[PDB]
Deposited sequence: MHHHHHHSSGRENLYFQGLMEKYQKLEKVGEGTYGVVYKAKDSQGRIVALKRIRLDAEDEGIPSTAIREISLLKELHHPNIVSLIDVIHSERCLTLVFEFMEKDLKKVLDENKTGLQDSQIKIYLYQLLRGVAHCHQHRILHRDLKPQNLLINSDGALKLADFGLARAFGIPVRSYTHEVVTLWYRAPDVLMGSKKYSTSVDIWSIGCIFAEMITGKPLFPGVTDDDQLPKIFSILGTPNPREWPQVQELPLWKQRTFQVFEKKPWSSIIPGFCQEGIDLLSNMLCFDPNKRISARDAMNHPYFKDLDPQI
């Protein structure tokens, strides 16, 4: 049993795990099911997370309903979600059904557009941080690395598989573009069931991106040369693999949308809102 500011919660089964604690299923005194994310320098990270979550009230963003403070641990109380996208991809090793890719991508874009409109960047979008409930609603979660505009950035070993090439090259500037890259990586992962850029080491990351989309050309994107790592490193020059080989047989409008998400120049990359209005979503009800 745990006492919050809003209600009392009865601990049930462990429904997840994490770097600083365990996520459990839980029950309200009145019966309503919830999630308890237990958090063990670390209290500052949890405080940031709560403050950002309290600014983000949207159907496509995991709802924070309460906080339990204990000398030992900070417990976040969320609406319950049955699964996550990593778990969904594990059951579909060769990709998802086309209608589902379309549903999940639209909701992922809508949640991110809400973030961006509220001047917050997620910065850690990946299938395990994309929660899916018992009704198929996709919601953003884990705002642990989120960045509010104008607030300075303040370390855990995480995957660089969804990180934008300019960020991996040392860019530190605030850009909504960093999230759209991750969305592109996720979009491609939902098509094949496999990660688009799974570099073997943190060092292999940029050569892995470049091996698929080509090595960026400074005449096309002049600002590459201005980036820190581009100055202190030499990269093997690659030609872009055709989309016909990356995502074989996927619809033309989906390939066009993906290509606008995965372009190197952050100033040319499609925004979350413009991507929602792309011909690829023509048939989809926006009121989902």
*Missing segments of the deposited chain sequence, listed N- to C-terminal*: 1-14, 55-60, 175-177
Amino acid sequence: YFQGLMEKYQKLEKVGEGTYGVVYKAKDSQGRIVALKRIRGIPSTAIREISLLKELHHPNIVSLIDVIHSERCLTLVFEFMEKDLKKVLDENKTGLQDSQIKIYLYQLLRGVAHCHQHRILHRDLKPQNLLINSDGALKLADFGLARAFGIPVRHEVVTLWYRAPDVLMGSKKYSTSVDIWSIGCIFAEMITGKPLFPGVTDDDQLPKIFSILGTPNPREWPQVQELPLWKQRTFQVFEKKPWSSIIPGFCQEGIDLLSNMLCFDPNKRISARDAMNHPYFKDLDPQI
From here on, numbers count along this sequence of modelled residues.
*On average, are the C-alpha B-factors higher in 120-128 or in 214-222?*
214-222
_Greater mean Cα temperature factor according to the PDB record, 192-200 or 139-147_ = 192-200
_Highest-ranked of 173, 163, 72, 86 once sorted by CA temperature factor in the record_ = 72
*Selection by C-alpha B-factor (highest) of 42, 258, 56, 65*: 42
*State the tercile, meaning the lowest, middle or highest third, of residue 262 with respect to the CA B-factors recorded for its chain.*
lowest
_For residue 183, the third of its chain into which the C-alpha B factor falls_ = lowest
_Please say which third, lowest, middle or highest, residue 158 falls into when its CA temperature factor is compared across its chain._
highest
*So where's residue 30 on the chain's Cα temperature factor ranking, which third?*
highest
*State the tercile, meaning the lowest, middle or highest third, of residue 52 with respect to the CA B-factors recorded for its chain.*
lowest
